[PDB]
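Enquirer: Residue numbers (the authors' numbering): 16 to 34, 37 to 67, 69 to 125, 127 to 130, 132 to 183, 184A, 184 to 187, 188A, 188 to 204, 209 to 217, 219 to 220, 221A, 221 to 245.
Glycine included, C-beta positions come from ideal geometry on N, C-alpha and C.
Structure incoming, see below.
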Ligand SMILES: [Ca+2]
């Protein structure tokens, strides 16, 4: 997250870190046994880390649970990033309370102008590299589809939305991928892609979760 603020320990209780010997992607806890992330985050050998603030220090609220199964969206296209969404099932159910909690799926899509919270442990610089140890937060509005398509001609599908600032300076970044965009207490987006980070006229592009609710529910119910 570029241009954000330190969230505070366990203020974002549905945030997860995906770990394969090091943090590589974020994700969101949607119930006690399932996580949603970006398909471009796919790896074998994932451990899901819940209850994290500082990802380099054991602080006392963490739950570390291995993945038993990963399911990439059946129509994921790695060249266009269309359908950049994946589900991860945990080997055992997480223990839920105020500091580890699930986030609700949306019943409708959010409109341009809605303010949302984006969070993660990704790069905090638009030029160069600096990865934080503690979780960073950013408040950002959803942009209109027209703005979003004008910023990225020929690249925005119906499964994507833009959020952020056309002026630049504030954005998600590498390492935030897979993490949550929450608006009005519902999961509306997954950190997916962008051209660089926090560049003028190049806002973040997010997977539009409201288009996937039936797939997520059906998948959860049978696996
Ligand atoms: Ca920790």
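1. Using 8 Å as the Cβ pair cut-off and three pairs as the minimum, do the stretch 80 to 94 and the stretch 103 to 115 touch?
2. Determine the DSSP secondary structure at residue 16, reduced to helix, strand or coil.
3. Rounded to the nearest angstrom, what separates residue 96 and residue 57 at their Cα positions?
4. Can you tell me whether residue 55 is buried or exposed, with buried defined as 16 or more other CB within 10 angstroms of its CB?
5. In three-state DSSP terms, what is residue 96?
6. In whole angstroms, give me the CA-to-CA distance for residue 121 and residue 221A.
7. Between residue 166 and residue 177, what straight-line distance do the alpha-carbon atoms span, to the nearest angstrom?
8. To the nearest angstrom, report how far apart residue 197 and residue 245 are at their CA atoms.
9. Measure the alpha-carbon distance for residue 50 versus residue 163 and round it to whole angstroms.
10. Going along the chain, which residues of its own chain have a beta-carbon closer than 7 Å to the beta-carbon of residue 243, five neighbours each way excluded?
11. So the candidates are 98, 105, 24, 99; which of them puts its Cα closest to the Cα of residue 61?
12. Output the boundary residues of the alpha helix (DSSP H) element that contains residue 240.
13. Please confirm whether residue 71 and residue 185 have their CB atoms less than 7 Å apart.
14. In whole angstroms, what is the alpha-carbon distance linking residue 38 and residue 188?
15. To the nearest angstrom, how far is it from the Cα of residue 216 to the Cα of residue 117?
16. Kindly indicate which residue of 224, 183, 157, 101 has the alpha-carbon position closest to the one of residue 130.
17. Please state the DSSP three-state secondary structure of residue 53.
18. Rank 46, 230, 203 by C-alpha distance to the C-alpha of residue 213 and give the top, closest one.
Expert: Straight from the coordinates:
1. yes
2. The count along the chain shown starts at 1 and reaches residue 16 at position 1. It is coil, neither helix nor strand.
3. The residue given as residue 96 occupies position 78 in the chain shown. The residue given as residue 57 occupies position 40 in the chain shown. Cα to Cα, residue 96 sits roughly 7 Å from residue 57.
4. What you label residue 55 is simply residue 38 of the chain shown in a count that begins at 1. Buried, because 16 or more other Cβ atoms sit within 10 Å of the Cβ of residue 55.
5. Counting from one through the chain shown, the residue named residue 96 turns up at place 78. DSSP places residue 96 in coil when its eight states are reduced to three.
6. Here residue 121 corresponds to residue number 103 of the chain shown, with the count starting at 1. Here residue 221A corresponds to residue number 198 of the chain shown, with the count starting at 1. If I take the Cα positions, the gap works out to 26 Å.
7. To locate residue 166, count along the chain shown from 1; it is residue 146. To locate residue 177, count along the chain shown from 1; it is residue 157. Rounded to whole angstroms, residue 166 to residue 177 spans 12 Å at the Cα level.
8. Your numbering for residue 197 matches position 179 in the chain shown. Your numbering for residue 245 matches position 223 in the chain shown. When rounded, the distance between both Cα atoms is 23 Å.
9. Position 33 of the chain shown, counting from 1, holds the residue named residue 50. Position 143 of the chain shown, counting from 1, holds the residue named residue 163. Answer to the nearest angstrom: the Cα atoms are 32 Å apart.
10. The residue given as residue 243 occupies position 221 in the chain shown. Within the same chain, residue 243 has no close Cβ partners at all.
11. Against the chain shown, residue 61 aligns to sequence position 44. Nearest option by C-alpha distance: 105.
12. As a position in the chain shown, residue 240 is number 218, starting the count at 1. From DSSP, the alpha helix (DSSP H) with residue 240 extends over 235 to 244.
13. Translated into the one-based positions of the chain shown, residue 71 becomes position 53. Translated into the one-based positions of the chain shown, residue 185 becomes position 166. No, the Cβ-Cβ distance between residue 71 and residue 185 is not below 7 Å.
14. Sequence index remark: in the chain shown, residue 38 carries index 21 (1-based). Sequence index remark: in the chain shown, residue 188 carries index 170 (1-based). Roughly 29 Å between the two C-alpha positions.
15. The sequence position of residue 216 within the chain shown is 194, counting from 1. The sequence position of residue 117 within the chain shown is 99, counting from 1. About 30 Å.
16. Counting from one through the chain shown, the residue named residue 130 turns up at place 111. Residue 183 is the option with its Cα nearest to residue 130.
17. One-based indexing of the chain shown puts residue 53 at position 36. Reduced to three states, the DSSP call for residue 53 is strand.
18. Within the chain shown, the letter at position 191 stands for residue 213. The shortest C-alpha separation from residue 213 is found at 230.
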